[PDB]
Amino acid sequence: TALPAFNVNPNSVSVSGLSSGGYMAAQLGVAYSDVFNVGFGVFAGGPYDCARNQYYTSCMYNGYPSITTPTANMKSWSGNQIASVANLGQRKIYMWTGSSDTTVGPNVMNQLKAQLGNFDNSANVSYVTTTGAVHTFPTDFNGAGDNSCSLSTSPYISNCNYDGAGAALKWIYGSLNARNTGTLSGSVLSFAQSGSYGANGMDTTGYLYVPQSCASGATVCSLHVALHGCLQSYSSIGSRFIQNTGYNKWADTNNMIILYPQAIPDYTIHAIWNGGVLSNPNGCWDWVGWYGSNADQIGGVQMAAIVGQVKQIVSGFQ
């Protein structure tokens, strides 16, 4: 099915994600700060350009990645390979980690905090820590199939007694109507991630949750892009990220569409920025350069595809 155009204001776009989806949220937020012009959210991700000049495992497992060059590159690329970093001073940025995350980790997120500290006033950056939470998406309900917030295992979505989706949306957008406490009003559309909407490393189908208010075209909506993490693509866990992460109940009472782009497991070995070659068996978003030297720059194929999806959705603005 073709990705529809909706009555969404192009000035109301943001993105967030977990894991490699968190990394990608920041890559989009930085490289395309003009497109994601409200802000972005990072759950258990890491520094922009973290893995370009140091090996990816140094950007994981609660290690201490360097941000010297990554920060320098942001300064250097501003206005060319990425949108003006001045934009970032005018963005709401949400950050979250579990204190017991040993997959990415507080130390990694601390480095992202420091990096962004060079481009956005602390007042606009919220960095929340849930004590005891492991690498997992934090929600405050028992989604079907959820793993314990104390055990990092598939589907990496938990009841951590913390509404992470709500927190991120409220930090990015400000005051929101109370989340829907009943059945959702909308549907979960599928669309073809093909042509300009698709790319290497991406599934051929994406999804989006569309509240009844946004479907009719009679109401101007906003757009939030939510990016699953590694081992969280549709191929791995089906619709569990779409359904169990808690974005939809907020979208539903706040005239918001939630777009859910899908990556896919990729067992082909590719040259990456640093450390030689690597396949992408876990279906992560590209934060290491699997599909291009420009993965976190304007033109990066996955970012270009997601931005394409965004432009299509907002093309229906009335």
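Note that residue numbering follows the sequence shown and begins at 1.
The PDB entry records a higher mean C-alpha B factor for 297-305 than for its counterpart among 16-24 and 297-305. With 104-112 and 78-86 compared on mean CA B-factor from the PDB entry, the stretch scoring higher is 78-86.
Reading the B-factor column for the CA atoms of 268, 254, 68, 262 in the entry, the top value corresponds to 68. Per the PDB entry, 175 shows the highest C-alpha temperature factor of the residues 175, 239, 139, 129. When the CA B factors of the chain's modelled residues are split into thirds, the value for residue 49 lands in the middle one. In the PDB entry, residue 123 places in the highest third of its chain by CA B-factor. Ranked by Cα temperature factor within the chain, residue 282 sits in the middle third according to the deposited record.
When the modelled residues of the chain are ordered by their C-alpha B factor, residue 158 lands in the lowest third. The PDB entry assigns residue 247 a C-alpha temperature factor belonging to the lowest third of its chain's modelled residues.
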